[PDB]
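Working notes for the structure below.
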Amino acid sequence: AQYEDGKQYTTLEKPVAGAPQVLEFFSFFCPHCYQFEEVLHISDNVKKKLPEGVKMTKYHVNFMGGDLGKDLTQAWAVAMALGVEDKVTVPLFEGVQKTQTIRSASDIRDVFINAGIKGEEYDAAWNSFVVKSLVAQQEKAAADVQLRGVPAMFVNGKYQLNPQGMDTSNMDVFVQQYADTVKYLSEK
């Protein structure tokens, strides 16, 4: 076939019921994730090809960067609760991997302040039980699929994108193949 299990995707031998339609995992410490977000714009190109009526979810993970990795997961929960993902994703990636000016939760906080979220609003969110459950959701989703590496994308709790099985000669072509694969899987 043109799309083959174990080639452009793998199947979860242990499917996850009730999972988000399209579920992406990343870490601000993850070098391919940086590529995916700032160079390849994967999330965005997937969305452009997804059918009507299909939601995209993106979660941060704990297993990179130790203590700061966990702060970043809580910060991402804040970003999601406040709906400010599109304002912090780039400065967080660059603060961690490019300029390396993020070394503590306070530095993470500075990124939101600079993006124009108010101190009082950020601190209130950071400490809220709505953010606590949002952290729990991120962890539970990763746990459900026994997640050990990022970037990762899962469709309908049953299929897992396998980007190693795609050409990377051309970055544009890789992205569309990736996006088309997600669409194929979504229609399965």
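Computation of the quantities below employed the complete heavy-atom set of this structure, encompassing side-chain atoms and omitting hydrogens, waters and symmetry-equivalent molecules. Residues: numbered from 1 along the sequence shown.
- The ring pair (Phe, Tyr, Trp, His ring centres under 6.0 Å) check on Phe26 picks up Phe28, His60, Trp76, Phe93, with sequence neighbours excluded.
- A distance of 7.5 Å separates CD in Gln177 from OH in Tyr3, rounded to the nearest 0.5 Å.
- Nearest approach of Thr73 to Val135, heavy atoms of both residues: O-CG2, 4.3 Å.
- Heavy-atom neighbours of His32 NE2 from other residues, nucleotides or ligands within 6.0 Å: at or below the threshold of 12.
- Residues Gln2 and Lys7 have side chains not in contact (no heavy-atom distance under 4.5 Å, counting atoms from C-beta outward).
- Distance check: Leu40 CG to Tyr34 OH gives 12.5 Å after rounding to the nearest 0.5 Å.
- Cluster membership for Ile108 and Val61, using ILVMFWY side-chain heavy atoms within less than 4.5 angstrom, is shared.
- Distance check: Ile102 CD1 to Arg109 CZ gives 13.5 Å after rounding to the nearest 0.5 Å.
- Side chain of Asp107 to main chain of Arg103: a donor-acceptor pair is present (N/O by atom type, distance under 3.5 Å, no hydrogens or angles).
- Of all non-hydrogen atoms in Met166 and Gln8, the two that sit nearest each other are CE-O, 3.7 Å.
- To the nearest 0.5 Å, atom CE of residue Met171 and atom CD of residue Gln35 are 5.5 Å apart.
- Hydrophobic clustering (ILVMFWY, side-chain heavy atoms < 4.5 Å, transitive): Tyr59 and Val46 are in distinct clusters.
- The backbone N or O of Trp126 lies less than 3.5 Å from a partner atom in the side chain of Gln74, making a donor-acceptor pair.
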Start with the C-alpha distance between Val175 and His41, add both sets of side-chain angles, then the distance that settles side chain to side chain contact (heavy atoms under 4.5 Å, CB included), and finish with yes or no.
CA-CA 8 Å; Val175 175; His41 308 284; over 6 Å; no
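- With hydrogens and angles ignored, the 3.5 Å screen pairs a side-chain donor or acceptor of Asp167 with a backbone N or O of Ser169.
- In this structure, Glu187 places its CD atom where more than 12 heavy-atom neighbours from other residues, nucleotides or ligands lie under 6.0 Å away.
- With ring centers used as reference points, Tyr178 lies under 6.0 Å from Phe36.
- Here the closest non-hydrogen pair linking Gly149 and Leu147 is O-CD1, 3.3 Å.
- Remark: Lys49 NZ is packed, more than 12 non-hydrogen atoms of other residues, nucleotides or ligands lying under 6.0 Å away.
- The stretch residues 26-135 participates, sequence neighbours left out, in these disulfide bond (SG atoms under 2.5 Å apart) pairs: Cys30-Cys33.
- Side-chain contact, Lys188 with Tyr184: a donor N or O sits under 3.5 Å from an acceptor N or O.
- The hydrophobic cluster containing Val16 also contains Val150, counting ILVMFWY residues as joined when their side-chain heavy atoms lie under 4.5 angstrom apart, directly or transitively.
- Under the 4.5 Å side-chain heavy-atom criterion for ILVMFWY residues, no single connected hydrophobic cluster contains both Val90 and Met80.
- You'll find the side chain of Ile42 reaches within 4.5 Å of the side chain of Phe174, heavy atoms only.
- Within the 4.5 Å cutoff, no side-chain heavy atoms of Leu185 are placed close to those of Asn156.
- Enclosure of atom CG in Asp67 is not indicated, since only 12 or fewer non-hydrogen atoms of other residues, nucleotides or ligands lie within 6.0 angstrom.
- Under the 4.5 Å side-chain criterion, counting only non-hydrogen atoms from C-beta, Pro151 is not in contact with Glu24.
- In the model, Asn162 has no side-chain atom that pairs as donor or acceptor with a side-chain atom of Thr10 under 3.5 Å.
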Are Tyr159 and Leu12 close enough, and set up right, to give a side chain to side chain contact (heavy atoms under 4.5 Å, CB included), and what steps lead you there?
CA-CA 6 Å; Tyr159 304 111; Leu12 301 187; over 6 Å; no
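- Rounding to the nearest 0.5 Å places OG1 of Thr181 at 10.5 Å from CE of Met153.
- Between atom CZ of residue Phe154 and atom OG1 of residue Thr57 there is a gap of 13.0 Å, rounded to the nearest 0.5 Å.
- Enclosure of atom NZ in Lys132 by more than 12 non-hydrogen atoms of other residues, nucleotides or ligands within 6.0 angstrom is indicated.
- The shortest non-hydrogen separation linking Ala141 to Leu23 is CB-CD2, 3.9 Å.
- Listed here is the closest heavy atom pair of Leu68 and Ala105: CD2-N, 4.2 Å.
- Hydrophobic clustering (ILVMFWY, side-chain heavy atoms < 4.5 Å, transitive): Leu92 and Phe25 are in one cluster.
- Annotation: side chain of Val96 is in contact with side chain of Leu72 (closest heavy-atom distance under 4.5 Å).
- For the residue pair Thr89 and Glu37, no side-chain donor N or O sits within less than 3.5 Å of a side-chain acceptor on the partner.
- The minimum heavy-atom distance between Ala77 and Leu134, with the atom names listed, is O-CD2, 3.6 Å.
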